[PDB]
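Notes follow once the structure below has been shown.
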2 protein chains.
Amino acid sequence: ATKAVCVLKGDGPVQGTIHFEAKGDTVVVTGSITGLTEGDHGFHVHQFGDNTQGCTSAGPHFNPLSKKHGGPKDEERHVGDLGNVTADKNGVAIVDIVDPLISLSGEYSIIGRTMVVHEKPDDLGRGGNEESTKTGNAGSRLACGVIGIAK
Amino acid sequence: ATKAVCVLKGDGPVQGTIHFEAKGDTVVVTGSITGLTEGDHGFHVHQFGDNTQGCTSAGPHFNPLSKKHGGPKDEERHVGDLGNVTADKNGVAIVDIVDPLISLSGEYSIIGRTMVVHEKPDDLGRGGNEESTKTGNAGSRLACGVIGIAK
Ligand SMILES: [Cu+]
Ligand SMILES: [Cu+]
Ligand SMILES: [Zn+2]
Ligand SMILES: [Zn+2]
């Protein structure tokens, strides 16, 4: 794909639509997520596009390079590690990301994988417990969607 | 991918879980769809994995070869044309398909595309009208899901 889209859904108030575009050699990630608590929320590509057990069956973060969890600017990060989206007082987080590791084709393709927004801020792998190095302590998955080819 | 999965959801009673496995040069499609009226129901891969407008934003049957609509055993068929699933009196259709045209990788890859189950039987391009030649007269989209990568 050159364009992809993801509709985030869960059991609670959180919803969103995420768009992806292969621009130049990078992927531009845009959209919005609504119904969030104010502040940062972990935002990641999870390995499986599998919603059979809700957002749980999406598996861990997309990680073809077998690294520990990090922030999007880190060398040591998962390919899926897109950092945090930040909700305002109205519950709206505007997604605006350009990422060097994700792709919409080949080895790094996130098509058919899952976008997940989480309950808590991602500590970007700097929390100092084992959990930080896996998920950034971002906690439960509020909404997710399988990433699909868009027109 | 080598395995894929789709969760079909819509605005009514119909839902399902469809699994896909690359086997030799085919894709094995298994699963079930529940909440259907008894009888045949059109079942196709559609072009976009785009659920922003429910099943409508999936677009047409996946058709990279620009062919007319057919049944899965026809030479003249869309890549996405998987025929019908058949619901019993209890409303359960068991999906058991082997298809050589859809793929889980490359040009005919259905990863990131949308599986759709329909209101009416698919006449397999044999209804004698113009619509038959596009959609098999399978009617409304009861449920759909983006096909994602599975473990
Ligand atoms: Cu995540
Ligand atoms: Cu269809
Ligand atoms: Zn991670
Ligand atoms: Zn067709």
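Convention: chains lettered A, B, ... in structure tokens order; per-chain residue numbering from 1; ligands numbered from 1 as shown.
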Exercise for review: Write out as a PyMOL selection string each polymer residue (protein, DNA or RNA) that has an atom no more than 9 Å from ligand 4, with only C-alpha atoms and all ligand atoms counted.
Suggested key: chain B and resi 44-46+60-63+67-71+77-83+122+124-125+132-136
Practice item. Fewer than 3 positions away in the same chain doesn't count, so skip those; otherwise give me all residues within 12 Å of residue 53 (chain A), counting only C-alpha atoms, as a PyMOL selection string. Key: (chain A and resi 10-11+48-50+56-59+144) or (chain B and resi 5-7+17)
Review point. Once the least-squares fit of chain A onto chain B is done over all Cα atoms matched in order, how many Å of RMSD are left?
Key: 0.3 Å
Closest atom pairs, residues of chain B within 12 Å of chain A, only C-alpha atoms, as CSV:
residue,atom,partner,partner_atom,distance
B:1,CA,A:112,CA,9.1
B:3,CA,A:48,CA,10.2
B:4,CA,A:49,CA,7.8
B:5,CA,A:50,CA,6.1
B:6,CA,A:50,CA,7.0
B:7,CA,A:52,CA,6.4
B:8,CA,A:52,CA,9.8
B:9,CA,A:51,CA,10.9
B:15,CA,A:52,CA,11.4
B:16,CA,A:52,CA,9.6
B:17,CA,A:52,CA,7.2
B:18,CA,A:52,CA,9.6
B:19,CA,A:50,CA,10.0
B:20,CA,A:50,CA,11.8
B:31,CA,A:52,CA,11.7
B:46,CA,A:149,CA,10.4
B:47,CA,A:149,CA,7.9
B:48,CA,A:149,CA,5.1
B:49,CA,A:148,CA,3.9
B:50,CA,A:150,CA,5.7
B:51,CA,A:7,CA,6.4
B:52,CA,A:7,CA,6.3
B:53,CA,A:7,CA,9.8
B:54,CA,A:7,CA,9.9
B:57,CA,A:150,CA,8.9
B:58,CA,A:150,CA,8.6
B:59,CA,A:151,CA,8.6
B:60,CA,A:151,CA,11.3
B:62,CA,A:149,CA,11.4
B:104,CA,A:112,CA,10.3
B:105,CA,A:106,CA,9.8
B:106,CA,A:106,CA,9.2
B:107,CA,A:1,CA,10.4
B:109,CA,A:112,CA,10.5
B:110,CA,A:112,CA,9.1
B:111,CA,A:112,CA,5.3
B:112,CA,A:148,CA,3.9
B:113,CA,A:148,CA,5.9
B:114,CA,A:148,CA,7.9
B:115,CA,A:148,CA,11.4
B:145,CA,A:146,CA,8.5
B:146,CA,A:146,CA,6.0
B:147,CA,A:112,CA,6.2
B:148,CA,A:49,CA,3.8
B:149,CA,A:49,CA,4.8
B:150,CA,A:48,CA,5.3
B:151,CA,A:48,CA,6.8
The selected residues should be written to file as a PDB file, in the first residue's frame (atoms: C-alpha atoms).
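File written: selection_29.pdb
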ATOM      1  CA  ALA B   1       1.950 -13.462   5.988  1.00  0.00           C
ATOM      2  CA  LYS B   3      -1.734 -16.869   8.355  1.00  0.00           C
ATOM      3  CA  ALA B   4      -4.356 -14.188   8.578  1.00  0.00           C
ATOM      4  CA  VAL B   5      -7.624 -13.541  10.391  1.00  0.00           C
ATOM      5  CA  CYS B   6     -10.647 -11.391  10.005  1.00  0.00           C
ATOM      6  CA  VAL B   7     -13.430 -10.496  12.454  1.00  0.00           C
ATOM      7  CA  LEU B   8     -16.661  -9.686  10.609  1.00  0.00           C
ATOM      8  CA  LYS B   9     -18.872  -7.090  12.305  1.00  0.00           C
ATOM      9  CA  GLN B  15     -20.809 -11.538  12.817  1.00  0.00           C
ATOM     10  CA  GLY B  16     -18.051 -14.009  12.153  1.00  0.00           C
ATOM     11  CA  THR B  17     -14.437 -15.044  12.465  1.00  0.00           C
ATOM     12  CA  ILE B  18     -12.601 -16.082   9.314  1.00  0.00           C
ATOM     13  CA  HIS B  19      -9.094 -17.544   9.254  1.00  0.00           C
ATOM     14  CA  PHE B  20      -6.773 -17.788   6.296  1.00  0.00           C
ATOM     15  CA  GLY B  31     -14.266 -20.070  10.109  1.00  0.00           C
ATOM     16  CA  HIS B  46     -13.152  -6.239  -1.136  1.00  0.00           C
ATOM     17  CA  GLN B  47     -10.463  -3.848  -2.205  1.00  0.00           C
ATOM     18  CA  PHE B  48      -9.944  -1.566   0.836  1.00  0.00           C
ATOM     19  CA  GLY B  49      -9.400  -2.336   4.499  1.00  0.00           C
ATOM     20  CA  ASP B  50     -11.282   0.862   5.172  1.00  0.00           C
ATOM     21  CA  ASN B  51     -14.031   0.745   7.825  1.00  0.00           C
ATOM     22  CA  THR B  52     -14.417   4.544   8.294  1.00  0.00           C
ATOM     23  CA  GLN B  53     -17.915   4.276   6.712  1.00  0.00           C
ATOM     24  CA  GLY B  54     -18.757   0.743   7.875  1.00  0.00           C
ATOM     25  CA  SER B  57     -15.773   2.010   2.514  1.00  0.00           C
ATOM     26  CA  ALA B  58     -14.364  -1.473   1.680  1.00  0.00           C
ATOM     27  CA  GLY B  59     -15.015  -0.504  -1.966  1.00  0.00           C
ATOM     28  CA  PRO B  60     -15.700  -3.040  -4.797  1.00  0.00           C
ATOM     29  CA  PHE B  62     -10.875  -6.916  -4.925  1.00  0.00           C
ATOM     30  CA  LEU B 104      -1.488 -13.810   1.774  1.00  0.00           C
ATOM     31  CA  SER B 105       1.516 -12.166   0.143  1.00  0.00           C
ATOM     32  CA  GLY B 106       2.560 -10.201  -2.960  1.00  0.00           C
ATOM     33  CA  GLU B 107       0.325  -8.689  -5.649  1.00  0.00           C
ATOM     34  CA  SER B 109      -2.341 -10.305  -1.083  1.00  0.00           C
ATOM     35  CA  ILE B 110      -5.615  -9.785   0.787  1.00  0.00           C
ATOM     36  CA  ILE B 111      -3.810  -8.712   4.019  1.00  0.00           C
ATOM     37  CA  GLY B 112      -5.178  -5.295   4.947  1.00  0.00           C
ATOM     38  CA  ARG B 113      -8.226  -5.808   2.681  1.00  0.00           C
ATOM     39  CA  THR B 114     -11.796  -6.472   3.807  1.00  0.00           C
ATOM     40  CA  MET B 115     -13.800  -9.709   3.987  1.00  0.00           C
ATOM     41  CA  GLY B 145     -13.644  -6.886   8.823  1.00  0.00           C
ATOM     42  CA  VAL B 146     -10.105  -5.939   7.878  1.00  0.00           C
ATOM     43  CA  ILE B 147      -7.981  -9.013   7.204  1.00  0.00           C
ATOM     44  CA  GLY B 148      -4.979  -8.903   9.513  1.00  0.00           C
ATOM     45  CA  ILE B 149      -1.818 -10.830  10.088  1.00  0.00           C
ATOM     46  CA  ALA B 150      -2.295 -13.728  12.545  1.00  0.00           C
ATOM     47  CA  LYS B 151       0.154 -15.743  14.676  1.00  0.00           C
TER      48      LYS B 151
END
Check your understanding: Can you list, as a ChimeraX atom specification, every residue of region 43-129 of chain B that DSSP puts in strand (DSSP E)?
Key -> /B:43-46,52-55,81-87,93-99,114-118
